[PDB]
């Protein structure tokens, strides 16, 4: 008979309890009402399963050898060109892509383990497109190029730009067309320090938890005061830029 195996991406696979004369195991799965089946030379639920959508599109589920990652793919009805691809990685983050008629990615949604998202849409053949970061309580909007994602918040004459490089490194800059506010970025602590009239006014920390905090300086412009406050809505980023 068969045993159920829990998979990344909210799926389950049934793997036969014993192998066949070829040494191989039967795999069955039901993914959103589609029955998928396959054969594997491993006994743990890893391998490849296949099926079709009601509209004849091919479907393939690939489970990595150690069960750490799953890939759910949809293809044209001949199986030749990708239509969509969802990869759930071992941290349980996911990347969901759609492809055009030439197999070129046209949309990429990244859902981080913490549930925040990067939404890349209207992606063109040069890897440029529109970009949105979806945080807890607010969204940041901007653009994508092959070099970086740039998300922009404007307040008065001040523009705050959060860059995410192609490698994933974050850097933040502030530009004031009136030259009252300036800011310096510390990559080590992911902190933007804003200065007005040669005194520090606030630190904006872009945390590894994908939040932003703001903390004011004392009127002396040198010591932090109080404690950092987590931003919960876009209005509060704008307030920090006033």
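Numbering follows the first chain given and starts at 1.
Relative to its counterpart among 165-173 and 114-122, 165-173 has the higher mean temperature factor, C-alpha atoms as listed in the PDB entry. The question of which stretch, 98-106 or 133-141, has the higher mean Cα B factor is settled in favour of 98-106. Which of 40, 211, 193, 187 has the largest Cα B-factor in the deposited entry comes down to 187. Per the PDB record, residue ranking by Cα B-factor puts residue 231 in the lowest third of the chain. Ranked by C-alpha B-factor against the other modelled residues of its chain, residue 56 falls in the highest third. Residue-level temperature factors show residue 198 in the highest third of its chain, judged at the C-alpha atom. Sorting the modelled residues of the chain by their CA temperature factor places residue 50 in the lowest third. Residue 44 sits in the highest third of its chain by CA B factor, as recorded in the PDB entry.
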